[PDB]
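Everything below concerns the one structure shown next.
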Amino acid sequence: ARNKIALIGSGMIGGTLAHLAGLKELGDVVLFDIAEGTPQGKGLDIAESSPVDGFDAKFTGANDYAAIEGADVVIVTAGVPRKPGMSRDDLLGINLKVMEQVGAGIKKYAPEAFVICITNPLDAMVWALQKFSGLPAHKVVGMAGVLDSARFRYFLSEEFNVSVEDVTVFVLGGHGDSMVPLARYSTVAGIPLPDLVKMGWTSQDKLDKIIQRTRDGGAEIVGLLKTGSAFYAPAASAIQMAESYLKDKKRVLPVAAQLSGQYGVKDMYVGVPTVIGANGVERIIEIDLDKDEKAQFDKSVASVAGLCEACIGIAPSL
Amino acid sequence: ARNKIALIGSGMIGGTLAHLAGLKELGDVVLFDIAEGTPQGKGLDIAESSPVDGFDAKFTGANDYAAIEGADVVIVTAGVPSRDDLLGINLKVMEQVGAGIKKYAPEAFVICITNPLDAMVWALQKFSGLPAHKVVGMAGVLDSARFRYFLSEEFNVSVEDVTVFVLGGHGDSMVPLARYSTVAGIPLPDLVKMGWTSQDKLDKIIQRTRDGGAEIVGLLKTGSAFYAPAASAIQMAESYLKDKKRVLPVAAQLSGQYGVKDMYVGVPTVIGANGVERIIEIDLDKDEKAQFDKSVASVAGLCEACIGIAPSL
Amino acid sequence: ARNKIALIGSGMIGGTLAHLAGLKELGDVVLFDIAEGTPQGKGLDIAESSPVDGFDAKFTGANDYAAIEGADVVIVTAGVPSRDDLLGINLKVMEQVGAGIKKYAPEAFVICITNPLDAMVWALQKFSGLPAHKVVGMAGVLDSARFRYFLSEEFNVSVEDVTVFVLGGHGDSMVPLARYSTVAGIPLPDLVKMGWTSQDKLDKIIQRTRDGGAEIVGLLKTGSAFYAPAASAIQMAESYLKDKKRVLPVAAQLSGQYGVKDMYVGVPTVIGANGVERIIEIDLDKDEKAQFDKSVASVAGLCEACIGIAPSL
Amino acid sequence: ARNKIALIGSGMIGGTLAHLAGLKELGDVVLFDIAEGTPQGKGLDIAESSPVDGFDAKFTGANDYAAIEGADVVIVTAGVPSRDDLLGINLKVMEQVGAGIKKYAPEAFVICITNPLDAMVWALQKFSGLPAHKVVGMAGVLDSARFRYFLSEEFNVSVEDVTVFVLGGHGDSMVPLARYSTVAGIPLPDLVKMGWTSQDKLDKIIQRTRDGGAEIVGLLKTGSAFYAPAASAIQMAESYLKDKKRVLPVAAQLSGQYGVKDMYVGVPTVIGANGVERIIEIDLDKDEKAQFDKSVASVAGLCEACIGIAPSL
Ligand SMILES: NC(=O)c1ccc[n+]([C@@H]2O[C@H](COP(=O)([O-])OP(=O)(O)OC[C@H]3O[C@@H](n4cnc5c(N)ncnc54)[C@H](O)[C@@H]3O)[C@@H](O)[C@H]2O)c1
Ligand SMILES: NC(=O)c1ccc[n+]([C@@H]2O[C@H](COP(=O)([O-])OP(=O)(O)OC[C@H]3O[C@@H](n4cnc5c(N)ncnc54)[C@H](O)[C@@H]3O)[C@@H](O)[C@H]2O)c1
Ligand SMILES: NC(=O)c1ccc[n+]([C@@H]2O[C@H](COP(=O)([O-])OP(=O)(O)OC[C@H]3O[C@@H](n4cnc5c(N)ncnc54)[C@H](O)[C@@H]3O)[C@@H](O)[C@H]2O)c1
Ligand SMILES: NC(=O)c1ccc[n+]([C@@H]2O[C@H](COP(=O)([O-])OP(=O)(O)OC[C@H]3O[C@@H](n4cnc5c(N)ncnc54)[C@H](O)[C@@H]3O)[C@@H](O)[C@H]2O)c1
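Residue numbers (the entry's author numbering), protein chains in the order written: chain A, 2 to 319; chain B, 2 to 82, 88 to 319; chain D, 2 to 82, 88 to 319; chain C, 2 to 82, 88 to 319.
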């Protein structure tokens with residue numbers, strides 16, 4: 002029988018996840034949304050594209066959670082944006098409620114799924130989502146690092162004029178100010194960035210500007226598109242996480258995972274390097290940070306706790 | 002020198018074309034549009050996604066036609082969605103696009119998607135002045151894709167083992183040939199005799215193909231199909247770039263085949279490094295010929311109208 | 002957990018099978034053989050190739066059947082290349103492989119490539135006791151692959167657009183159906199009428215497909231074909247593993263279809279997660295029916311020769 | 002047109018190159034060899050496989066160098082498995103191969119695989135007289151692949167998340183840099199501290215990488231590795247053909263970098279549409295410098311023996 006992949010949210014990222022899941026033959030897809038028609042339409046559109054490329058996959062649009070029954074992977078993009086100066090508490094209120102509905106859906110119909118959360122704000126929403134759903138935490142993760150890592154790698158490849166395949170980056174934490182990059186564990190062909198700077202490939206000021214561009218990467222795309230946000234690279238990033246699970250690949254990926262002691266964090270979701278295989282998060286890799294790195298990490302973890310506490314405020318259920 | 006692909010139009014189809022061209026490593030990509038920001042944002046988003054799968058391609062977003070200079074392939078989705091109003095709006099778009107290509111990409115293989123397809127690609131090759139064998143319209147591959155998918159469902163077999171044969175345009179102007187459509191080489195009428203489905207059901211599947219575009223519009227509400235149309239045009243671009251010589255149903259200029267001259271019609275073509283290298287002229291029976299003729303006459307009308315807006319044609 | 006694919010025999014075909022399974026990411030691979038060193042060697046070599054393209058798959062070489070335990074797919078190329091000496095040697099190999107499969111991989115989909123194919127797959131399902139819908143032989147896809155390749159060269163079109171239809175086995179036992187072979191849905195006889203080729207040329211192509219294996223042996227001198235056969239089996243494996251429901255010519259057990267019972271014969275099948283899910287039974291004309299029966303009678307003879315050797319059957 | 006890839010040598014490596022080149026749609030392929038039938042047979046066998054997977058590529062087996070005319074990439078495996091006797095035999099081959107490339111493919115990117123590699127590639131570019139930035143030796147990619155595979159097993163992670171950095175050639179001439187080899191950006195020496203492994207186990211993996219080729223020869227008994235060597239050369243070719251600018255360890259001509267002039271050594275290179283577009287010059291510590299200089303000295307030694315046997319150089 003084929004793997005089944007449910008996508009909870011059929012907006013621009015949802016649709017892109019479906020298309021990539023077909024192209025890559027990851028299994029049958031269910032596109033779920035509250036909007037009537039959108040998931041049916043995209044699903045059929047993608048299904049109609051399939052003979053051109055030759056992949057055999059079912060695409061079902063649904064407005065009911067029962068459609069996701071037995072899904073091997075669920076990818077959650079359902080939620081609302083920060084439109085445009087609405088409150089920070091307003092946002093959390095709407096998306097926490099969505100995390101509660103989705104969490105009930107998955108618990109009922111797809112309890113054994115590997116769940117990948119994309120909904121913002123990520124570190125909090127994925128934390129709310131595993132509490133609300135009750136799934137084992139090693140089976141519920143947030144996508145954030147792979148995306149930041151993709152942007153950073155892309156910018157470095159431009160800066161150095163080498164393949165994106167030969168750039169490696171190491172990032173912890175979440176997006177924006179919460180990102181904690183390690184330049185010293187980032188490389189071209191294994192040559193660490195500091196050594197590349199020593200050799201003149203680029204300057205420290207330029208590397209810093211590239212790191213900042215990475216922090217602001219989501220907002221840059223918003224600024225160019227105006228009416229929506231990034232969907233191609235976010236979709237690609239989550240599909241890479243799903244693929245590592247489906248194929249038991251044991252990729253080492255930066256993902257929002259539940260820490261239970263590591264880096265001195267407990268009962269919370271933080272962007273860390275994880276090995277993702279057929280049993281979800283199989284190992285969380287604990288590096289030995291230096292004093293500056295530790296400071297920035299502890300600052301990032303504290304900022305995420307603050308958000309989680311705001312969520313407990315609005316939804317004390319948690 | 003990488004191949005260069007220019008996408009004129011950075012809407013939903015344009016973006017999907019760019020993503021596929023990236024994923025399939027077809028070359029560097031330029032997203033053109035009149036709307037500032039959109040091409041640039043989609044291009045950067047796709048570029049940023051590239052480390053994930055590891056394709057190396059440049060994605061440039063542009064608002065100036067000069068950006069398409071030297072493009073090996075150009076895919077045109079520009080246009081807007088009164089019959090003589092939409093024609094006049096879209097003809098003017100073909101006019102600009104034609105001028106752009108003439109100036110900056112004269113050696114390109116050009117694939118037109120803008121509706122109404124047969125009239126638009128016909129106008130576009132006149133406006134651009136490019137050799138007709140290098141200017142084609144995508145329509146058949148999309149209709150053929152929908153029809154195969156529906157048959158795949160009905161018969162519960164792989165999409166890869168269904169072949170269908172279509173002439174003409176979309177909707178009422180489509181001319182399918184059941185007898186030249188098959189599963190593993192067994193023609194549809196033989197499949198019906200074997201009990202794989204009924205004629206009534208086959209007829210409904212043909213009708214569903216006719217209405218296929220309107221079906222997706224009714225489900226999406228705010229816009230139209232873009233995955234299957236994007237995939238269909240990429241297939242045509244890929245056959246050119248790789249000199250594959252696939253036999254694809256495409257809007258091409260006929261010059262005597264099927265008794266048609268100086269007109270674009272959906273016909274079976276072999277597409278290779280030289281563009282349209284061959285047009286296949288099949289022997290239509292009486293009823294097929296009548297359907298094909300009605301279809302060509304209807305394309306003739308749209309063209310006559312276009313002449314009566316832009317006498318330049 | 003990943004799919005597991007067990008390859009019984011690690012010669013040139015087995016190694017190619019392993020490499021293709023790797024590149025296509027069909028799952029973990031077990032190479033099995035008697036020759037010491039060989040399977041462990043090719044497995045390691047392929048494994049060490051894996052970081053280049055980035056596929057993650059285990060390659061285990063083994064000289065003992067226990068390594069194949071729980072295989073989702075087993076592909077058997079084991080055997081040796088007088089007629090009653092060939093049947094005797096390979097019958098004994100089919101017996102050893104069958105008990106191996108019975109003991110360790112009873113739920114596997116099994117694909118037999120050992121010659122003479124139609125008799126050995128029939129022997130293999132009897133010895134193994136596996137359900138028949140789960141034991142098939144590879145022959146039709148290989149013949150069909152060659153035939154399509156020759157036609158693509160003749161017509162100068164993509165291999166993707168040529169479909170051929172073949173029943174029976176290799177050589178003189180092949181029964182091709184020109185009327186169910188096409189280019190983009192146009193049957194070969196109709197392509198002859200358009201002047202794309204002649205009937206003489208088609209006949210030579212058909213004879214070339216009958217002799218296609220001997221041709222490669224005649225070029226190589228010291229061995230036989232392995233790339234096309236390997237690719238052919240992998241397509242079969244893949245349709246099973248991905249539940250594609252491709253319609254493929256395969257040696258399958260008939261039980262009434264075409265008038266044949268308790269015998270394996272090359273027929274069109276639908277291959278999906280349950281193995282052979284349907285045997286397609288087309289309406290043969292009088293001459294096809296006669297050619298089919300002659301081919302079936304010939305296979306009946308080989309099987310009778312086997313029962314005389316191994317009354318177990 | 003399509004890219005053209007000429008394979009000089011149609012043994013096990015050459016056939017695998019041709020298979021990979023077809024599968025990955027890198028272009029048309031010419032298999033060359035002095036042996037009659039072999040290249041024709043492998044070419045035909047692979048071509049006959051093409052309809053299964055659907056790649057469109059021509060395969061030509063030839064026994065005359067004129068067949069390679071116009072080749073964009075040439076991959077040389079020609080050769081033979088007394089040290090001065092081996093150098094004498096294989097230098098003869100590089101002279102003949104050099105003469106054919108010079109006459110028929112003077113604009114090719116040439117990838118040399120024939121042993122002993124750093125001497126033979128050096129010799130090949132002198133005999134052929136092609137620009138040095140267009141003639142390279144494949145060695146480092148293969149060592150890097152084995153090394154990354156062994157580490158991937160060691161730590162139970164994807165092969166895609168291991169990076170290794172290697173200078174020099176094979177065996178004792180290899181100069182790995184543990185500090186520039188990683189999992190997910192974490193260097194080998196730090197992994198030891200974090201207790202993921204021990205220094206003693208790293209050392210064994212390094213030694214295993216040095217003996218990797220001999221390890222495969224021991225398992226196969228009667229030949230040497232061909233899957234990983236073929237994958238490695240294809241990666242290099244592909245970086246040229248698709249202008250990827252991959253950072254690959256390759257035998258390249260140094261002209262000052264690392265203190266070496268007019269000699270081929272394994273170094274980090276950026277390979278793009280112009281061949282070796284950059285040679286990366288890292289900052290070696292004193293022990294790495296001594297290791298590297300010892301390795302370079304042993305390559306200079308071989309080149310001198312070569313001049314002994316062929317003063318021409
Ligand atoms: N984490 C990251 O790295 C990252 C990057 C980019 C975007 N995002 C986030 O992804 C989310 C969506 O992305 P998008 O571009 O598809 O936006 P979108 O608004 O187009 O998608 C949201 C979809 O969710 C549906 N929805 C709304 N409420 C729902 C509910 N209660 N139940 C089920 N479905 C519901 C909507 O109908 C809509 O189709 C946003 O929250 C955005 O911030 C995250
Ligand atoms: N032939 C077929 O089978 C087929 C199928 C589906 C859709 N279509 C057609 O494809 C076209 C585009 O589809 P879409 O879904 O991407 O719509 P879309 O509106 O999302 O894309 C059109 C884009 O073109 C731009 N545009 C308008 N005028 C322009 C100009 N003069 N120069 C540059 N850009 C201009 C718009 O700003 C917009 O971004 C439509 O005409 C549609 O009917 C054809
Ligand atoms: N059916 C077809 O359409 C078709 C086409 C081409 C070739 N073939 C057949 O493919 C088969 C193998 O081709 P190849 O390239 O692998 O040749 P090969 O000799 O390289 O492979 C045969 C392998 O089987 C092993 N073997 C021998 N006896 C065994 C036993 N009792 N148990 C287990 N293993 C045993 C050998 O050690 C050898 O490694 C041949 O039988 C040939 O006739 C079939
Ligand atoms: N440098 C590396 O990293 C590396 C790694 C592995 C193997 N190798 C070497 O690669 C070479 C190829 O190995 P293989 O598996 O293909 O061996 P093989 O013996 O199977 O292939 C050699 C082929 O070259 C042919 N040949 C001999 N002399 C020739 C000539 N003058 N002109 C043209 N063809 C000639 C032979 O007929 C044969 O078909 C071997 O020399 C091996 O030592 C190098």
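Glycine included, each C-beta is placed from N, C-alpha and C at the ideal position.
Item	Value
beta-carbon C/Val81 near ligand 1 non-hydrogen atom, thresh 8 Å	no
Which of helix, strand or coil DSSP assigns to A/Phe60	strand
Chain-ordered neighbours of B/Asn162 on chain D, where CB pairs are closer than 7 Å	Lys251
Neighbourhood of A/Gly191 by C-beta distance below 8 Å, restricted to the same chain and skipping five residues each side	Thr169
Residues of its chain near D/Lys140, where Cβ-Cβ distance is below 6 Å and the 5 sequence neighbours each way are ignored	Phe115, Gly281
Near-chain B residues of the stretch 185-198 of chain D - C-beta to any C-beta below 7 Å	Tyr186, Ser187, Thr188, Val189, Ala190, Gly191, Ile192
Coarse secondary structure for A/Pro255, derived from DSSP in three states	strand
Per-residue burial, A/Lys84 [other beta carbons within 10 Å of its own, 16 or more giving buried]	exposed
Contact test: C/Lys98 Cβ vs ligand 4 heavy atom, cutoff 8 Å	yes
Where the stretch 232-244 of chain A meets chain B: residues whose CB sits under 9 Å from a CB there	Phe232, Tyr233, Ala234, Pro235, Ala236, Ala237, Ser238, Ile240, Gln241
Contacts that A/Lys248 makes with chain D (C-beta to C-beta distance below 8 Å)	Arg3, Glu26, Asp57
Per DSSP, cross-strand counterpart(s) of C/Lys5	C/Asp29
D/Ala151 at chain A interface by Cβ criterion, 9 Å	no
Buried versus exposed, by CB contacts within 10 Å (16 or more), A/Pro317	exposed
Spatial neighbours of B/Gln241 in its chain, beta-carbon cut-off 8 Å, leaving aside the 5 residues before and after	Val147, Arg252, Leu254
Pick from B/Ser150, B/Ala184, B/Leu173, B/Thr188 that is closest to B/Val163, judged by C-alpha positions	B/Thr188
Under 8 Å (Cβ pairs) to chain B, residues found in the stretch 208-230 of chain D	none
The stretch 308-315 of chain D contacting the stretch 90-100 of chain D, beta-carbon criterion three pairs below 8 Å	yes
is_contact[C/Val276, chain A] using C-beta, thresh 9 Å	yes
Given D/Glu287 as reference, the closest of D/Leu260, D/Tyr270, D/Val302, D/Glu310 once Cα atoms are compared	D/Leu260
Rounded separation between D/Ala125 and D/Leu308 - CA only	6 Å
Simplified DSSP assignment, three categories, for B/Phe171	coil
Every unbroken beta strand (DSSP E) within the stretch 215-241 of chain A, with a cutoff of 3 residues, ordered by chain	none
Any non-hydrogen atom of ligand 1 within 8 Å of B/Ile6 CB	no
The stretch 166-180 of chain A: positions lying closer than 8 Å to chain C by Cβ	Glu166, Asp167, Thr169, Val170, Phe171
Span separating the alpha-carbon of B/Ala145 from that of B/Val75	16 Å
Amino acids of chain C, ordered along the chain, whose beta-carbon sits closer than 9 Å to that of A/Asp54	Near A/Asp54 there are no residues of chain C at all, since even the closest Cβ is about 11 Å away, more than 9 Å.
Cβ contact check for the stretch 223-230 of chain D and the stretch 96-113 of chain D: 3 or more pairs under 8 Å	no
Within chain D, the residues that B/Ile288 reaches when beta carbons sit closer than 9 Å	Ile192, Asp196, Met200
6 Å Cβ shell around C/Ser179 - same chain, five flanking residues per side excluded	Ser301, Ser304
Interface partners of C/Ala279 on chain B, CB under 9 Å	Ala2, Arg3
Closer than 9 Å to chain D by CB, C/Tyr264	no
Three CB pairs or more closer than 8 Å across the stretch 191-208 of chain B and the stretch 33-41 of chain B	no
Validate contact between the stretch 104-118 of chain C and the stretch 56-68 of chain C using beta carbons, cut 8 Å, 3 pairs	yes
Cutoff 9 Å: B/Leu183 Cβ touching any chain D Cβ	yes
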